[PDB]
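2 protein chains.
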Amino acid sequence: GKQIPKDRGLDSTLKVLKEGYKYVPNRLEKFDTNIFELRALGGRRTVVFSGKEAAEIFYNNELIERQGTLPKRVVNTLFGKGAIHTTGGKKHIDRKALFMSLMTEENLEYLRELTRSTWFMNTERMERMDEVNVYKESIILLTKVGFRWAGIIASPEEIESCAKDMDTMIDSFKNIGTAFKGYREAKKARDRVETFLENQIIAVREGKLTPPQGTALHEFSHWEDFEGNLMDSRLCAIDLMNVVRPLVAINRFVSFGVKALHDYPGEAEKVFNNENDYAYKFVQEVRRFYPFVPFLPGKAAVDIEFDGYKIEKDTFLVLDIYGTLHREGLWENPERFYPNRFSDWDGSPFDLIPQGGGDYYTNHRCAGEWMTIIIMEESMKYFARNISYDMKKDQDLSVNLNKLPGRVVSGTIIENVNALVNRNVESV
Amino acid sequence: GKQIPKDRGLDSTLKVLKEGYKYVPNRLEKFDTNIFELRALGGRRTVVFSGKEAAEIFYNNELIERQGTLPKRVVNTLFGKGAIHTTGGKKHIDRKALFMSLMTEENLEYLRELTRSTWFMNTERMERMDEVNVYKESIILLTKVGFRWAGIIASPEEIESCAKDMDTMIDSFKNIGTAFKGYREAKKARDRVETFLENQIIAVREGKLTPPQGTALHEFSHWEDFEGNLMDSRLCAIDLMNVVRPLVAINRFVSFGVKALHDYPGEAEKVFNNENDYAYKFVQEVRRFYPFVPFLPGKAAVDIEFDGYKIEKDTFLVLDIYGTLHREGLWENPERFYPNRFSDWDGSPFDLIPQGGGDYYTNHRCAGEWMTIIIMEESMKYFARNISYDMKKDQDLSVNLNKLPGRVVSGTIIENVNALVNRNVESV
Ligand code: HEM
Ligand code: HEM
Ligand SMILES: CCCCCCCC/C=C/CCCCCCCC(=O)O
Ligand SMILES: CCCCCCCC/C=C/CCCCCCCC(=O)O
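Heads up: the protein sequence lines correspond to chains B and B', in order. A prime marks a further copy of an entry chain.
Heads up, the first sequence is in PDB author numbering, so the first residue is 2 and it goes up one at a time.
Heads up, the second sequence is in PDB author numbering, so the first residue is 2 and it goes up one at a time.
#1: Please report the straight-line C-alpha distance between B/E195 and B/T216, rounded to a whole angstrom.
#2: Give me the subset of the stretch 106-132 of chain B' whose CB atoms are less than 8 Å from a CB atom of chain B, sorted by chain position.
#3: In whole angstroms, what is the alpha-carbon distance linking B'/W332 and B'/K393?
#4: Can you tell me which residues form a DSSP beta bridge with B/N134?
#5: Can the beta-carbon of B/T70 be found closer than 8 Å to that of B/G299?
#6: When you compare the CB positions of B'/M377 and B'/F290, do they come within less than 8 Å of one another, or not?
#7: Would you tell me roughly how many angstroms separate the C-alpha atoms of B'/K282 and B'/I374, rounded to the nearest one?
#8: Return yes when the C-beta of B/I140 is under 7 Å from any heavy atom of ligand 3, and no when it is not.
#9: Rank B/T116, B/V400 and B/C237 by C-alpha distance to the C-alpha of B/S256 and give the top, closest one.
#10: Just to confirm the assignment, what range does the alpha helix (DSSP H) spanning B'/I251 have?
#11: Which runs of the alpha helix (DSSP H), 4 residues or longer, sit entirely within the stretch 197-238 of chain B?
#12: Pick helix, strand or coil for B'/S51, following the three-state DSSP scheme.
#13: What is the C-beta distance between B/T14 and B/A41, in whole angstroms, given that I count them as a contact (C-beta under 8 Å)?
#14: Excluding the five sequence neighbours on either side, which residues of its own chain have a C-beta within less than 7 Å of the C-beta of B/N417, listed in chain order?
#15: Of all the alpha helix (DSSP H) runs that stay within the bounds of the stretch 269-345 of chain B, which reach a length of 4 or more residues?
#16: Could you tell me whether the Cβ atoms of B'/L210 and B'/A204 are closer together than 8 Å?
#17: Considering only residues of the same chain and omitting the five flanking positions on each side of B/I251, which have a CB-CB separation below 7 Å?
#18: Would B'/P72 and B'/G183 be called neighbours here (beta carbons separated by less than 8 Å)?
#19: Distance, Cα to Cα, B/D352 vs B'/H219?
#20: According to DSSP, simplified to helix, strand and coil, what is B/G357?
#21: Does the beta-carbon of B'/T413 have 16 or more other beta-carbons within 10 angstroms, so that it is buried, or is it exposed?
#22: Could you tell me the boundaries of the alpha helix (DSSP H) in which B/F384 lies?
#23: When every heavy atom of ligand 2 is checked, does at least one fall within less than 7 Å of the C-beta of B'/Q68?
#24: In its own chain, which residues sit with a C-beta less than 8 Å from the C-beta of B/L112, not counting the 5 before and 5 after it?
#25: Roughly how many angstroms lie between the CA atoms of B'/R96 and B'/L402, to the nearest whole one?
#26: Short of 9 Å Cβ to Cβ, which residues in the stretch 383-396 of chain B face chain B'?
#27: Who are the near neighbours of B/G83 in its chain, counting only those whose CB is closer than 7 Å to its CB and skipping five residues on each side?
#28: Short check: CB of B/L99 to CB of B/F221, under 8 Å?
#29: Below 8 Å between beta carbons: does that hold for B'/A302 and B'/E138?
#30: Determine the DSSP secondary structure at B'/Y22, reduced to helix, strand or coil.
#31: Compute the minimum distance between the beta carbon of B'/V25 and the heavy atoms of ligand 4, and state whether it is under 7 Å.
#32: Examine the Cβ distances between the stretch 315-325 of chain B' and the stretch 43-50 of chain B' and report whether three or more of them are shorter than 8 Å.
#33: Which partner residues does B/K7 have in the DSSP bridge list?
#34: Where B/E306 and B/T325 are concerned, what is the direct C-alpha to C-alpha distance, given to the nearest angstrom?
#35: For the alpha helix (DSSP H) that contains B'/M170, what are its first and last residues?
#36: Measure the alpha-carbon distance for B'/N423 versus B'/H263 and round it to whole angstroms.
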């Protein structure tokens, strides 16, 4: 057997956190390989593999077990106990069916319209404002859109507090399972939002709130599993937050996207015109190019052959997400921001995997991917078409690839926002 | 000479106010004529004529003088001193050109989008509410839309106070020029709104506010007459309010229209589907059918022949608006609400005259007619398509034809408003 190259050390976890999104690509480049191993999270042998073929293996349910692979501290803050992400087999398929039942053309068209119109009518507010932090403005607006879409009635103060607590949770994968300053805060934030959603679910069940059929709150509150039992109210709250929290996490991509409209002159006009699905292509390129999800865990269910190496059964195994999205072979000029790369993209489930790969119904692939694209398309068309603005000069617009979680350092601060309308009025 | 039939009495003004929109049709029917006279407003001989031919005469600038014909108390409350309505000749044509310069396809498309999106994002508010008075909710929303369209920046409190003061002004034609309880209040309301708009115009001129090119505030603030002089700031305020006040008066038609969707089952579905311009046709039928403008004044500039009668030069002359809109010859089954009557309407400038007849550029015909149609189409599509609601049972939904000003007595009160969205979700 060819020996899998080793990143040496009893535990290399702190090297991963020091290099962040660059950890995996750095080792791929140093060993000149698609696969290597290290010790992490308490000394445990961890294989990492990368590329489209790796992703096909990783989402082959006959080869890879996903249950019990997420680190417990990340379950405790990001996903919640018993979350859909932690399930497998029939239980997972059934649960996933509930999430995907929401994602009809019509329900997504409504999201599209909510997003479009909420931005549109936020224009006066942004004009008022001296500076607008896109990351922060968008997390609030997306809580309002996502709640309304989900059928959750909330006051302004509730929206704002939920958004802050969700923000904390979204960031909480940054220590990839280790103890950190903020772990207890992230738990407390989770407790707060869980309780807010649980109380609404309890009211739904008792007949005190009547959200419409087809909204996530209604459907989750009434859903029975294959033996005819409701999710307990706390579990239901957890999985309901697994709709609305990652919806608000699109703020990171909103922020990245307005950065891209600034960094790559010419893009705004192309998104504005939106010919042959350019807005879509721009959004796909924002999701490919900018860092968010580093990598994902699972375990080899059987011995697996890859690149001439053997991955023994029970090996703890990680799919590289970031490095796959930036791989030289797979994407020509991967470090170039170039939406038109998507004109000749074949739609593979295994290359463009910023939100997971594989199948929506039988794999853990993100339920909200279609939603994310739609929210992003309307958000980017808004910034390119419906307002003019200046990128504030005194800010840090960089993205530190060496730090989880991925974001624009400043948040992407704009100013002098004015509605861009063609009135076509000829003064008399 | 055939003698013009007389409604006898030294002064019949109080009979006009007692019969309101029915005064003119009642006399047309009693004398079996298209023309009659009475004494009104201090004993002055007043000829009234009715029908499409009357309207063609009334808007023939060679035959009719309009200057100095509006009663001074109505100038003082409704239009403002020196308002465009009070001008004539070259001065009027020039001034009218300013108003009509705003009415480009593109500027009207923006209005369309503002209106559509402001209703859309008002849905949550109306859901919250126990009852919604359509007349009152729409006057507020239209102040917000009309101000934004006009480039006028206002706080919520300013919008609300302007709407109340504008409401008072819109009602102030109801005594057709006579003294009334509320005359002094209507003056004070006018003073308030004039001052609010003047202050913004002064700021525009001084460089302190910078509204966009093409908005009414910008264009009115900078407009020079044919000798190169700005409107004095007070006159500019008056004419600027002659954009935004009648825009908010569309609330009366919003209210009437939701009444029509209740009174005529089947209309909602037709407006919803909007095939072969049904929404447009429904709006035209709301404007034809429901009372607002009773009649309009002018003066014969020369002797005129009509229906075999002579209208002597200098006769004070009134065009019947309401009775023309309800004339048996001109509209088959005029008392029927039947939008499809507009499929075979030839677009005459002289029959469908709820907002005046004749030419937009050379006559006093309403500058905002195109705007009104657009605002109404989006408002009616919203009520028919985007919400479901119940018509509150305990209200007076009648329209008292015997009382200026025309409106639904209750305002049209609805309740249990819910967003109407097709989610098309099949519960699993
Ligand atoms: C910036 C936004 C988002 C990112 C980065 C993201 C990413 C991901 C990733 C990496 C996973 C795990 C895939 C795996 O384990 O194989 C996942 C799962 C999931 N996401 Fe997304 N997501 C985002 C937005 C959304 C949205 C908007 C929704 C709305 C419903 C959503 C719903 C879910 C759900 C339910 C799962 C779990 C599904 C399963 O395990 O079968 N996500 N997401
Ligand atoms: C319910 C709404 C409306 C009604 C009932 C209405 C009706 C009328 C009537 C009857 C006149 C006088 C016609 C004449 O003297 O021959 C007029 C003039 C005018 N209206 Fe409208 N109007 C309404 C809305 C609007 C709107 C939305 C605007 C927006 C700009 C507007 C702007 C004007 C202007 C500037 C004039 C005077 C033009 C001239 O004398 O040349 N109106 N309107
Ligand atoms: C180099 C490998 C290091 C060792 C092991 C890493 C363990 C894995 C922890 C992963 C972080 C989880 C992913 C973050 C976002 C997940 C998807 C979501 O937000 O819905
Ligand atoms: C029967 C005739 C009675 C005598 C004389 C009537 C004098 C005319 C007064 C008319 C009221 C004015 C019209 C009201 C709305 C006008 C257009 C606007 O709101 O922009």
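The beta-carbon is built from N, C-alpha and C at its ideal position, and this holds for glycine as well.
So, from the listed chains and residues:
#1: 18 Å
#2: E106, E107, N108, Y111, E114, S118, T119, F121, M122 and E125
#3: 32 Å
#4: B/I414
#5: yes
#6: no
#7: 10 Å
#8: no
#9: B/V400
#10: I251 to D264
#11: 217-223
#12: coil
#13: 5 Å
#14: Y390 and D391
#15: 279-290 and 323-326
#16: yes
#17: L143, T373, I376 and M377
#18: no
#19: 52 Å
#20: strand
#21: buried
#22: Note, B/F384: premise wrong, no alpha helix (DSSP H); not H, not E.
#23: no
#24: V146, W150, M372, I375 and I376
#25: 34 Å
#26: none
#27: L236 and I239
#28: yes
#29: no
#30: helix
#31: yes
#32: yes
#33: B/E38
#34: 19 Å
#35: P157 to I171
#36: 22 Å
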